[PDB]
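> Experimental structure below, sequence on top.
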Amino acid sequence: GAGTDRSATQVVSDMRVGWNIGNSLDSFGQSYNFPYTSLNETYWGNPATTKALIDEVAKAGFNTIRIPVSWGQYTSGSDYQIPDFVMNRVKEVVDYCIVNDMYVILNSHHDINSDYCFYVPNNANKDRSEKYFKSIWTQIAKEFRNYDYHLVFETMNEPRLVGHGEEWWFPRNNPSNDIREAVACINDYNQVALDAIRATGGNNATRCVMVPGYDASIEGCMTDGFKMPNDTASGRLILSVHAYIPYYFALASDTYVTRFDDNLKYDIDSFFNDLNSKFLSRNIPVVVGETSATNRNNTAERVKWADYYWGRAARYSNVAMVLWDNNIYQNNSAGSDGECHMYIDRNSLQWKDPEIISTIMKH
């Protein structure tokens, strides 16, 4: 019963390194089947999360778990009501982590995708989008109102225009009018979500909250139009950013590289220099909620990647990072697939490349 009397800096400072439960509760089905009346946790091929799994992740040295959840697909009625079988399960998984003295980041994940969007960052959809966020966050925050500062809320995942030319990228300094509209909409959606959480009172009056910009990318947050929402609490906001960098080494599936060349350290360096000048040096901590380098059968290179990434992050007390893990390991023989992010095999509970894990824990 420790309450939430800790600043965002004090929380992020005590986070060492995190691990995502990827392709689990974020798994979604098709909108014509809505609302789902049973869990899609195993829909994308992964075993339901066990205490045993979270225990091994803890034992490896992770003290933070990010739990991506796609809520929308289960909701019913005009107030987007979340069914108890969903809330109960989410609480089950949160508690696996909480009882191991771990930090937990709970979010809304694939509530947008190619199939159906529960929110859209444009003016035509502003009304239903804000209604969605207010509704789910009222419910989620009430469920977990009595959790201490270990539980952080992340308002949304990678808000964007789905199926748009600029869904996954735009130049921070030259936003199109569609992107400008999205950026402003996202500012307002973060505000609504934060207001919703705050309004339930109790520990939620002062819980730390993570908020992303467009795509949760460095562009989204660095672009001049991005705004941190207005809080009634002091120093309780954390910037959410996702950074699979360097892109061609870590994520690309077409034109990729397998070597972590010294030239690529510039990508990580500038990434942090940007975060530093705009956020970290202004006492706004940043959580890199997702990062990973896909398995291209290049373990030694991925060690170099991890060593540098975490070594570079280590100098910023108010930075913490979280590995993305989708429980998929095998790449083709070219190593071209950018979606092989297994670190621990969820079926055997064995680590795939312990050299990478050990290298992260050195920092």
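Nice, I can see it. Numbers count the residues shown, from 1 in each chain.

> quick one, what contacts residue 146?
1, 202, 203 (CB atoms under 8 Å, 6 or more residues apart in numbering). Every C-beta, even on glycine, is put in place using the N, C-alpha and C of the backbone.

> Leaving out chain neighbours, which residue sits closest to the first one?
Taking CB to CB, 6 or more residues apart in numbering as the measure, residue 1 lies nearest to residue 148, with 7.0 Å between them; neighbours along the chain are not counted.

> just the second one next, same as before
For residue 202, ignoring the flanking residues on the chain, the nearest one in space by CB to CB, 6+ apart is residue 145 at 4.5 Å.

> quick one, phi psi at that neighbour?
For residue 145, the backbone dihedrals (degrees, to the nearest 10) come out as phi -60, psi -30.

> count of residues packed around it?
By the measure other CB atoms under 10 Å, the count of residues near residue 145 is 16.

> and what of residue 8?
A total of 26 residues lie near residue 8 under the criterion other CB under 10 Å.

> Pull the contacting residues for it.
By CB under 8 Å, 6+ apart, the contact set of residue 8 is 208, 235, 236, 237, 238, 284, 285, 318.

> where exactly do the helices run in the protein?
Ranges of helices in the chain, per DSSP state H, are 8-14, 51-60, 84-98, 126-143, 177-199, 218-222, 247-250, 265-278, 299-313, 354-361.

> Name the stretch among those that sits most buried.
Among those, ranked by average contacts under mean count of other CB atoms under 10 Å, first place goes to helix 218-222 (a mean of 23).

> any idea how far the closest residue to residue 250 other than its chain neighbours is from residue 241?
Counting by CB to CB, 6+ apart, the nearest residue to residue 250 once its immediate chain neighbours are dropped is residue 293, at 4.1 Å. Distance, residue 293 to residue 241, by CB to CB, to the nearest Å: 17 Å.

> what's the answer for residue 351, then?
Residue 351 is 26 Å from residue 241, by CB to CB.

> which one of the two has more residues nearby?
With neighbours defined as other CB under 10 Å, residue 351 and residue 241 compare such that residue 241 has more, 28 against 17.

> What residues does the more buried one make contact with?
Residue 241 sits next to 212, 213, 216, 217, 218, 221, 275, 286, 287, 288, 289 when contact means CB under 8 Å, 6+ apart.

> Export the residues you listed as TSV, with columns for distance to residue 175.
Below are the contacts of residue 241 laid out as TSV (distance: CB to CB, whole Å):
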residue	distance to residue 175
212	16
213	11
216	16
217	12
218	14
221	13
275	19
286	21
287	24
288	23
289	23
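
> What is the nearest of the residues you listed to residue 122?
Using CB to CB, the shortest approach to residue 122 within the contacts of residue 241 belongs to residue 213, at 15.6 Å.

> and the gap between the spatially closest residue to the closest one that is not a sequence neighbour and residue 351?
Nearest residue to residue 213, sequence neighbours excluded (CB to CB, 6+ apart): residue 220, at 2.9 Å. Distance of residue 220 to residue 351, computed by CB to CB: 32 Å.

> where's the residue nearest to residue 250 relative to residue 307, distance?
12 Å.

> do residue 102 as well
Residue 102 is 24 Å from residue 307, by CB to CB.

> Correct me if wrong: the residue nearest to residue 1 contacts residue 5.
No. Counting by CB atoms under 8 Å, residue 148 sits too far from residue 5 to count as a contact (9.2 Å).

> Name the residue in those two with the higher neighbour count.
When neighbours are counted by other CB under 10 Å, residue 148 and residue 5 differ, and residue 148 comes out ahead with 14 against 10.

> Would you quantify the distance from the more buried one to residue 189?
Between residue 148 and residue 189 the computed distance is 26 Å (CB to CB).

> now residue 119
In this view, residue 119 and residue 189 are 6 Å apart by CB to CB.

> ok, the residue nearest to residue 202 - contacts?
Shown in contact with residue 145 (CB under 8 Å, 6+ apart): 200, 201, 202, 203, 204.

> Let me have the helices of the chain in TSV, extended by distance to residue 169.
Output for those, formatted as TSV (distance: least, CB to CB, whole Å):
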stretch	distance to residue 169
helix 8-14	27
helix 51-60	31
helix 84-98	31
helix 126-143	22
helix 177-199	10
helix 218-222	7
helix 247-250	10
helix 265-278	15
helix 299-313	21
helix 354-361	27
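
> how close does the nearest residue to residue 338 once chain neighbours are set aside get to residue 319?
Distance criterion CB to CB, 6+ apart; nearest residue to residue 338, sequence neighbours excluded, is residue 253 at 4.1 Å. When distance is defined by CB to CB, residue 253 is 28 Å away from residue 319.

> ok, now residue 144?
Remark: distance between residue 144 and residue 319 (CB to CB) = 25 Å.

> Likewise for residue 94?
Noted for residue 94: a distance of 24 Å to residue 319, by CB to CB.

> picking up where we left off before, of all the contacts of residue 145, which two lie farthest apart?
Greatest spatial distance in the contacts of residue 145: 200 and 203, 9.3 Å, computed using CB to CB.

> looking at the contacts of residue 146, which has the most residues close by?
Using other CB under 10 Å as the neighbour criterion, residue 203 leads the contacts of residue 146 with 20 neighbours.

> Counting neighbours, what do you get for the closest residue to residue 291 other than its chain neighbours?
Excluding its sequence neighbours, the residue lying closest to residue 291 (CB to CB, 6+ apart) is residue 243, at 5.3 Å. Using other CB under 10 Å, residue 243 has 24 other residues around it.
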